[PDB]
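Trainee: Protein chains in written order, with the authors' numbering: chain L, 73 to 143; chain S, 1225 to 1273; chain G, 1029 to 1077; chain U, 3 to 306; chain Y, 148 to 196; chain X, 1 to 290.
Think of the CB as a built atom: it goes at the ideal place given N, C-alpha and C, for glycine as much as any other residue.
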Amino acid sequence: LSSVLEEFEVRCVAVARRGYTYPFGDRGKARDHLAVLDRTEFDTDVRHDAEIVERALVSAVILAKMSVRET
Amino acid sequence: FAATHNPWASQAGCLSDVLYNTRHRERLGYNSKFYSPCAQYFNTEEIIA
Amino acid sequence: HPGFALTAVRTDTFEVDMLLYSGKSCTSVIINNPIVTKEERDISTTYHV
Amino acid sequence: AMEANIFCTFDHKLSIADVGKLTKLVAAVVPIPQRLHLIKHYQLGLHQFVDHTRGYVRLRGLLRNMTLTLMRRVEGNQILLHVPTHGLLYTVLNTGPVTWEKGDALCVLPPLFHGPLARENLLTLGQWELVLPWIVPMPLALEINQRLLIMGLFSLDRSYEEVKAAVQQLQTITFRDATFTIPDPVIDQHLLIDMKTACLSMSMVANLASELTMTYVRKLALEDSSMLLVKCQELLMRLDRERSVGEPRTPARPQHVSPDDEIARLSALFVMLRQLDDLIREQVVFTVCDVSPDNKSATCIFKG
Amino acid sequence: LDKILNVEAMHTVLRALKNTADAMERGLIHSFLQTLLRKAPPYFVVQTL
Amino acid sequence: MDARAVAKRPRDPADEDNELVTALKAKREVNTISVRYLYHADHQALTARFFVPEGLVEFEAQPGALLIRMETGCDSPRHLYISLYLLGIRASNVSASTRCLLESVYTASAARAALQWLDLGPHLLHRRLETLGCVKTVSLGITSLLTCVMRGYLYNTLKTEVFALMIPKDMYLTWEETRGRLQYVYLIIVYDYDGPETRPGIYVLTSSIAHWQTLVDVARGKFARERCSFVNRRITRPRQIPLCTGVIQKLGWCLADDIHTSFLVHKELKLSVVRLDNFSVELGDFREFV
C-alpha cells in the first residue's frame, strides 16, 4: 500500500496544521493528541504500521469531537 | 409603591443596566472619554457603597 | 411606531455665581516659611517656591 | 566658569533680517561633521552632504557619525554650539514633523521633505542653506526606514498597476498626527545607487543564506542538545502550503561544491550584513522627559 | 552697551521675585478659599438641619 | 590667561552665595521668601512630573514603582501610565492567587481600561510600552501628580531617606548561584506563543552580567521553551510573521547586597515583593531578540 501510504502520511501532517489554528476549549488537553500526531512515523517493520495508524486515529477521531464541542 | 415603573431599566441585568452600569460596561470595550449622563443613576456598585 | 418608547435623559450645565459665608475664626491655617527648590532645563533654570 | 562651546563664523555677511532667523534655531540640533573649535559655516549643517545621485542612505550613514550639536547663543558676528554630554538634559526645538509626547525616544534622521511645498525655506545664504535633520520618535523612524526599503524592492517593478498602487500606499504614512507623505526614492525610471546597494545587501542575505545553511544545519541537527534544529530543517523548505505528494522531504542543499569557494560564499554572506548594518539598528539620541505646550520645545535627556 | 544688560538682568530677577511673592499671597488666599469651599455644605442642607 | 588663573582650584557652587543671594546682596531688597538656601540644589537625579488619574494610584503610594507609558489607538486617551503591578494581571508568570489578589485592587474604570487596551491590539505588547522610571513623592489627590526619576538615585527630598525599588516576588528572578558585588537589573518581556493569542510573561532579571551577547546567551537557557515554541509557531502557520520571543531592556543597577524580600501594605493587603534598596535608575531600551 505504498502509494496510498504516502498520501496517508501527508494527510496526517495536514491534520495538525488544521487543528492548530482552530480555537479549542482546552489548549492543553488537545496538546497531547497533537503531539501524538506529530510523532507518527512508519517503523522498519511493516507489521507495526497497522498499529501506528491505530494510534494515529485515536489521536484524531477523538480530537475532531472536541472540534465540534461534542461530548 | 408599584414595584417597577419600567422593568427594562430597573432590573439588575436589564438591558439598560448592562448598557449603562459602568461595572457591566467595563466587560465591554468602550471609550471612557465619553461622558454619559445616565451612568450616575445606573452605577449601582458605587451608590450601594 | 415600533413597540417601545424612549425616555432620554440629558444633563445641562449652567455657569453660575455662588456666595460663600464663613464664621469668624472658623478655621486656622498654620503655615511655614516658603522655600526655594531649584531645577535646571539648561536653557533656563526654573525655580519653585 | 564658562560653558564649553564651539564657535562658528559666517564667511558671507549676515543681514539684520538674517540674524533674526538664527534666534529661532537657538535651541535646535545642528549636526557637525567633526568636533573642532572654530568652524566656518560651510562645514556647518547637513548641506555639505547633499548630492544629486546619492540618496537617503548616504545621508543616514554619514549622519550616524557626525557630532550632534545644539545651537547655543547667536552673537551677531559669531555663533556658539554646545556639544551635548550623555546623561544631562538639553532642550531641543521640534524640527520634526510629528508632535512628541513625554517619554518618547527620539532619534535623528535625514530631512525627508516631500514634493508640494510647505514651510521649508529659511536661511538661503550665498547659494547655501542650513538644512537640519528631522528629529522623530523611534517607531516612526522604524517605519519610515522600512517604507523606503520596500519602495526600493519595487523600484524594479513600475510596469505593474498593482505595484504602482501599493507604492502609493507606502508613500503616505498615516501616523498619530497630521500625515506626511514620504518622497519616492525611484526617479527617472531608475533607482539611486545607495538604495540599490542596500537592496543588494538585503537580497544577498536573503538568497545566499538559503543555499548555504543546509550544509551546516544537517550536521548540527544530529547532536540534539538544543532540540529545535530538526524543526528548523523543515523551516528551511520555505513552503507556504502543506507539502504536496511530490518531491519535498528534505531541503535542497548544494552539491559537490568546490572546497574553497564555500569559504568565499560564506564570507560574502557576512560582507553584506556589514553593508546592511547602518539600517539594521536605529539608535536613540534623546529621551524627552517633558514637552513644552504647543509641542515646540522639549527637554530631552541626551543618549549617545 | 554692556552695563545696560548687567542692569537689565538684575531688574529681571527683582521683577520675577516681586511677582512671585505676590502670586504667593494670592495663592494662599486661593487655597484658603478652596478649603472653605470643601468645608461648606450647600444652603438647603444647613437649612434642613 | 594668567599663570595663577590656571593654578586656582575649581570653585564649588556652595562656596559662592546663591545667585538669588548675589542679586539681593547687590540690591538689598528683602522678600518674604527664604532664598538664603536653595532646596533640591544637590540632585544628580533627573526627574519629570506625570499626571496620573486616581484610578491608578493604588500600590504606587509607596515610593518606588515603574512608570510605563502605554500607547493605545484612540486619539483622546493618547497614552496611559501603567504601573508594573497593574501589568502583572496580564502576565502569565504571576501566580493565580497573586493575580486574583491584586486584580481586586484595580477595580476602577481607569485601570480596567488598561486591561481592555491590552486585549485590544493584535500587535505585540513590548511595542506599546516605554518605561519612564520610578515613583516618588506621590501627590496623592483626586488625581496624583507622580514625580518620576529618569536617571540617578531614588531618595527623599533632603536625602533623609532612600526609596527602594519594589518588584513583585513572582516577577523577580536570579539566574546565578553566586551573586556579584554589583548587579544590573533588566526588565524582560517574553512571549510564549499559543493558538488564540501569544500570552506574555513578564520578569525582572537582576544579574551581574553587563555584556549584551553573554546576557542573551544565558537568557536563551531558561527561555528555550518559549523560543522553540516560537519556532514551532513559525512553521505551524504560513503567512504569519511573528517576531521576537523575549525582549530585554536595561532597567538600572543595584549592589546585590541590598536585595531582600519585603511586602507592600495597602488596603490591608500584604503583597510579597523583592526590594532592591539603593536602586539607581539608568534607563536603556527594548532590544529585540530571538
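1) Shorter than 9 angstroms from the beta carbon of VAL1057 of chain G to some beta carbon of chain X?
2) Span of the beta strand (DSSP E) holding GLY252 of chain X?
3) Run the CB neighbour count on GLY252 of chain X, radius 10 Å, all protein chains shown included, and call it buried at 16 or more, exposed below.
4) Determine the direct distance from the alpha carbon of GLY64 of chain X to that of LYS159 of chain X, and round the result to whole angstroms.
5) Can you check DSSP and say which residues form a bridge with residue 322 of chain X?
6) Any idea what DSSP makes of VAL30 of chain X, helix, strand or coil?
7) Classify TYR1259 of chain S as buried or exposed, calling it buried when 16 or more other Cβ atoms lie within 10 Å of its own Cβ.
8) Count the other C-beta atoms from every protein chain shown that fall within 10 angstroms of the C-beta of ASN96 of chain U, then say buried if there are 16 or more, exposed otherwise.
9) Of all Cβ atoms in chain X, is any one closer than 9 angstroms to the Cβ of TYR1254 of chain S?
10) Compute the beta-carbon to beta-carbon distance between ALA128 of chain L and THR116 of chain L, rounded to the nearest angstrom, for a pair I have assumed lies under 8 angstroms.
11) Using the beta-carbon of each residue, which ones in chain U are nearer than 7 angstroms to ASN232 of chain X?
12) Could you work out which residues of chain B lie near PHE179 of chain Y, taking near to mean beta carbons separated by less than 9 angstroms?
13) Is the segment 180-199 of chain U touching the segment 149-169 of chain U in the sense that three or more CB pairs, one from each, lie closer than 8 angstroms?
14) DSSP three-state label for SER280 of chain X, please.
15) Taking 8 angstroms as the threshold, find out whether the segment 195-208 of chain U comes into contact with the segment 136-145 of chain U through three or more Cβ pairs.
16) Taking C-alpha atoms, which residue in U:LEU83, U:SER299, U:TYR58, U:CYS234 lies nearest to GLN36 of chain U?
17) What residues match up with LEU214 of chain U in a beta bridge as DSSP calls it?
18) Counting only Cβ-Cβ distances shorter than 9 angstroms, please list the residues of the segment 85-98 of chain L near chain X, keeping chain order.
19) DSSP beta-bridge partners for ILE303 of chain U?
20) Would you report the Cα separation of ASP194 of chain X and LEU146 of chain X, rounded to the nearest angstrom?
21) Given a cut-off of 9 angstroms on the beta-carbon distance, is the pair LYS270 of chain X and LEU276 of chain X in contact?
22) Which full runs of the alpha helix (DSSP H) of 4+ residues lie inside the segment 40-91 of chain X, going along the chain?
23) Checking 9 angstroms against the spacing of the C-beta atoms, do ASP179 of chain U and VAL100 of chain U come in under that value?
24) Once DSSP output is grouped into helix, strand and coil, what is the label at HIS1076 of chain G?
25) So with Cβ pairs under 9 angstroms, would you call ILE1063 of chain G a contact of chain X?
26) Taking only three categories from DSSP, how would you classify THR25 of chain U?
27) What did DSSP end up calling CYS234 of chain U once you bin it into helix, strand or coil?
28) Which stretch, first to last residue, makes up the alpha helix (DSSP H) that contains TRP136 of chain U?
29) If you measure from the beta carbon of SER246 of chain U to each beta carbon in chain L, is any gap under 9 angstroms?
30) Tell me, to the nearest whole angstrom, how far the beta carbon of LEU134 of chain U is from that of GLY47 of chain U; I am working on the premise that it is less than 8 angstroms.
31) Can you name the residues that DSSP bridges to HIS84 of chain U?
32) Could you name the residues of the segment 1226-1257 of chain S whose beta carbon sits closer than 7 angstroms to any beta carbon of chain X, in the order they occur along the chain?
33) When you compare the CB of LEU108 of chain U with every CB in chain G, is at least one pair closer than 9 angstroms?
34) How long is the line joining the alpha carbons of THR126 of chain U and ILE146 of chain U, rounded to whole angstroms?
35) Are the C-beta atoms of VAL1037 of chain G and some chain S residue less than 9 angstroms apart?
36) To which residues does DSSP link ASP2 of chain X through a beta bridge?
Mentor: Walking through what the data contain:
1) It does not; no Cβ of chain X falls within 9 angstroms.
2) Counting along the chain, the unbroken beta strand (DSSP E) around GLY252 of chain X starts and ends at 246-254.
3) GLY252 of chain X comes out buried.
4) So the two alpha carbons sit approximately 15 angstroms from each other.
5) Since the displayed chain X opens at 1 and closes at 290, residue 322 of chain X lies outside it and no answer follows.
6) DSSP places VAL30 of chain X in coil when its eight states are reduced to three.
7) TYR1259 of chain S is exposed by the Cβ-count criterion.
8) Buried, since its Cβ has 16 or more Cβ neighbours within 10 Å.
9) The beta carbon of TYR1254 of chain S sits closer than 9 angstroms to some beta carbon of chain X.
10) Approximately 18 angstroms separates the beta-carbon atoms of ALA128 of chain L and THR116 of chain L; this is outside 8 angstroms, ruling out the contact.
11) Going along chain U in sequence order, the residues near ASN232 of chain X (Cβ under 7 angstroms) are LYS233.
12) In the structure shown, chain B does not exist; the protein chains are L, S, G, U, Y and X.
13) The segment 149-169 of chain U vs the segment 180-199 of chain U: in contact.
14) Strand.
15) With a cut-off of 8 angstroms, the segment 136-145 of chain U and the segment 195-208 of chain U do not count as touching, because too few Cβ pairs lie within range.
16) Checked all of U:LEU83, U:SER299, U:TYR58, U:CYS234; the closest Cα to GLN36 of chain U is U:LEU83.
17) For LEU214 of chain U, which the question treats as bridged, DSSP gives no partner whatsoever.
18) Answer set for the segment 85-98 of chain L: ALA88, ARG89, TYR92, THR93, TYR94, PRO95, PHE96.
19) Note: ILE303 of chain U sits in a beta bridge opposite U:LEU91, U:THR289.
20) Distance between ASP194 of chain X and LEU146 of chain X, taken at the CA atoms: about 37 angstroms.
21) The answer is no: Cβ separation not under 9 angstroms.
22) Whole alpha helix (DSSP H) segments, 4+ residues: 84-88.
23) Here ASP179 of chain U is near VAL100 of chain U, since their CB atoms are less than 9 angstroms apart.
24) Strand.
25) Chain X, which has a Cβ nearer than 9 angstroms to the Cβ of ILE1063 of chain G, makes this yes.
26) In the structure shown, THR25 of chain U sits in coil (DSSP, three-state: anything other than H, G, I, E or B).
27) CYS234 of chain U: helix per DSSP, three-state reduction.
28) It is not in any alpha helix (DSSP H) - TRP136 of chain U instead sits in the beta strand (DSSP E) that spans 136-139.
29) Chain L has a Cβ within less than 9 angstroms of the Cβ of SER246 of chain U.
30) Under the criterion of beta carbons closer than 8 angstroms, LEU134 of chain U and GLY47 of chain U qualify as touching, at roughly 7 angstroms.
31) As computed with DSSP, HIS84 of chain U is found in a beta bridge with U:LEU72.
32) Here the close residues are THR1246, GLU1250, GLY1253, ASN1255, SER1256, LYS1257.
33) By this cut-off, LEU108 of chain U is not an interface position.
34) Looking at the two C-alpha atoms, the distance is approximately 28 angstroms.
35) For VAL1037 of chain G, a Cβ of chain S is located within less than 9 angstroms of the residue's own Cβ.
36) DSSP lists no partner for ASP2 of chain X.
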